[PDB]
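S.K.: give me a 3D structure for the following:
(2 chains, ligands or ions: 2)
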There are 2 protein chains.
Amino acid sequence: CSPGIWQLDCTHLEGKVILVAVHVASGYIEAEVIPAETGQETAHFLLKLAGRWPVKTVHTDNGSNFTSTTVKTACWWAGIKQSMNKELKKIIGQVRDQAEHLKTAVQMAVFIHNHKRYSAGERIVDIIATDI
Amino acid sequence: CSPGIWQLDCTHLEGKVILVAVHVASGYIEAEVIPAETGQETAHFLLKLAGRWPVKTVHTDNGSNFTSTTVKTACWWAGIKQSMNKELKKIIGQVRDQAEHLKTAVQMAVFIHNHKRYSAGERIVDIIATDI
Ligand SMILES: Cc1nc2c(c(C)c(C)n2Cc2cnn(C)c2)c(-c2ccc(Cl)cc2)c1[C@H](OC(C)(C)C)C(=O)O
Ligand SMILES: Cc1nc2c(c(C)c(C)n2Cc2cnn(C)c2)c(-c2ccc(Cl)cc2)c1[C@H](OC(C)(C)C)C(=O)O
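M.R.: Residues are numbered from 1 along each chain as shown, chains lettered A, B, ... in the order given. Ligands and ions are numbered 1, 2, ... in the order given. Below, you will see the structure:
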């Protein structure tokens, strides 16, 4: 798929919110635990992702996520325009006993996911570099 | 330089702590504002970085940062072994008026830094992909 396309969705576990960004073409995941499913958390996360990868267009499974002027101002500043969450939840459960805080298990599960095999982490750098 | 080498340092601004990871070979930056300069924040950040990039060895300008068993357990789980912060602070000041929270300005400054020109963001993906 096009190299700048990401999917962003907010999922739930242990009464906390996990935001999950997926690089559609590669399967590569950036994920974080946020305290509330607010547009402020979405806006700040978009700004983070955009600084780290070339984020051209964002998709979601909940369009209403992208309606706050907070979020749109982030889409604007960064030049952004407008399945996998059960795999990650699976890995979270596997490693969950290895950590106290859910936020630690999520990053353990992102590590596992992006490096298991190519690996998602290998495909995104190959994709983004080919495009360059 | 070798593709898995990162430098990690904790810098201060507005009475808050900014953790700054630099991909030595490319100049690419991941940075976050943390509430306290604790080993817990360092450990969790290392786990995050390692899931996102191939992090083989970490350097720092404060060795004592890496002495907690919390941090070493993270170095261990991820398979990690053991100048730029004034550039980023410069950009933070420039964009500071554009944001209320310092944490928003930091991600604005990471975005600016990694994409200005190649760009640091282009070099890290080229470096990491060449290695692959
Ligand atoms: C909350 C926490 N405290 C920790 C550690 C460790 C190793 C120690 C010694 N302590 C103090 C302690 C625990 N019991 N006792 C009696 C004293 C870890 C940890 C878990 C897995 C990895 Cl790879 C790396 C660190 C965490 C993790 O949180 C982060 C945010 C990552 C620090 C978590 O969420 O489990
Ligand atoms: C705290 C905050 N509130 C915001 C916005 C926006 C655009 C609106 C409308 N509001 C509510 C508001 C502000 N004044 N009034 C009277 C109502 C932003 C913002 C700033 C720059 C970008 Cl590109 C994108 C969003 C932020 C930023 O924080 C994050 C965590 C990023 C949300 C920040 O740190 O400035």
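S.K.: neighbours of residue A:34, how many?
M.R.: Residues lying near residue A:34 (other C-beta atoms under 10 Å in any protein chain shown) number 17. (C-beta placed from N, C-alpha, C; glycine too.)
S.K.: before we move on, which element is the residue lying closest to residue A:60 once chain neighbours are set aside in?
M.R.: Residue nearest to residue A:60 in three dimensions, not counting chain neighbours: residue A:8, with 5.4 Å by C-beta to C-beta, 6 or more residues apart in numbering or on different chains. For residue A:8, the host element (DSSP states H and E) is strand A:5-13.
S.K.: what's the answer for residue A:21, then?
M.R.: If you go by DSSP H and E, residue A:21 is part of strand A:16-23.
S.K.: if the nearest residue to residue A:24 once chain neighbours are set aside is in a bridge, with which residues?
M.R.: Counting by C-beta to C-beta, 6+ apart, residue A:5 is the residue found nearest to residue A:24 once chain neighbours are left out, at 4.6 Å. Beta-bridge pairing of residue A:5 under DSSP bridges involves residue A:57.
S.K.: assess the claim that residue A:5 and residue A:57 are in contact.
M.R.: Yes - between residue A:5 and residue A:57 there is a contact under C-beta atoms under 8 Å: 5.3 Å.
S.K.: hang on, the earlier thing: how big is the angle separating the strand holding residue A:21 from strand A:5-13?
M.R.: Angle, strand A:16-23 to strand A:5-13, by axes from the mean of the first three to the mean of the last three C-alpha atoms, to 10 degrees: 160 degrees.
S.K.: in its sheet, what does the helix or strand that comes right after strand A:16-23 sit against?
M.R.: Proceeding C-terminally, strand A:16-23 gives way to strand A:28-34 as the next helix or strand, assigned by DSSP H and E. Strand A:28-34 has the following strand partners under DSSP bridges: strand A:16-23 (antiparallel).
S.K.: in the strand it pairs with, what counts as buried?
M.R.: Neighbour-count burial for strand A:16-23, counted by 16 or more other C-beta atoms under 10 Å in any protein chain shown, picks out A:16, A:17, A:18, A:19, A:20, A:21, A:22, A:23.
S.K.: now check it, is it near ligand 2?
M.R.: No - shown here: strand A:16-23 not in contact with ligand 2 (C-beta under 6 Å from any ligand atom), separated by at least 12.9 Å.
S.K.: quick one: contacts of that strand?
M.R.: Identification of contacts with strand A:16-23 by C-beta atoms under 8 Å, 6 or more residues apart in numbering or on different chains yields A:5-12, A:28-37, A:41-42, A:45, A:49, A:53, A:84-85, A:88, A:102-103, A:106, A:120, A:124, A:127.
S.K.: try stretch A:52-59
M.R.: A:2-8, A:23-24, A:30, A:46, A:49, A:66, A:75, A:78-82, A:124, A:128, B:30, B:52, B:110, B:114, B:121.
S.K.: buried ones in stretch A:26-40?
M.R.: A:26, A:27, A:28, A:29, A:30, A:31, A:32, A:33, A:34, A:37, A:39.
S.K.: could you double-check that the fourth one sits in contact with residue A:113?
M.R.: Yes - under the criterion of C-beta under 8 Å, residue A:29 lies in contact with residue A:113, with a separation of 5.4 Å.
S.K.: shared neighbours of these two, which are they?
M.R.: With C-beta under 8 Å, 6+ apart as the test, residue A:29 and residue A:113 both reach A:88, A:120.
S.K.: nearest residue to residue A:12 other than its sequence neighbours?
M.R.: Per C-beta to C-beta, 6+ apart, closest to residue A:12 is residue A:18, 7.1 Å.
S.K.: who does the one you found bridge with?
M.R.: residue A:11, residue A:33.
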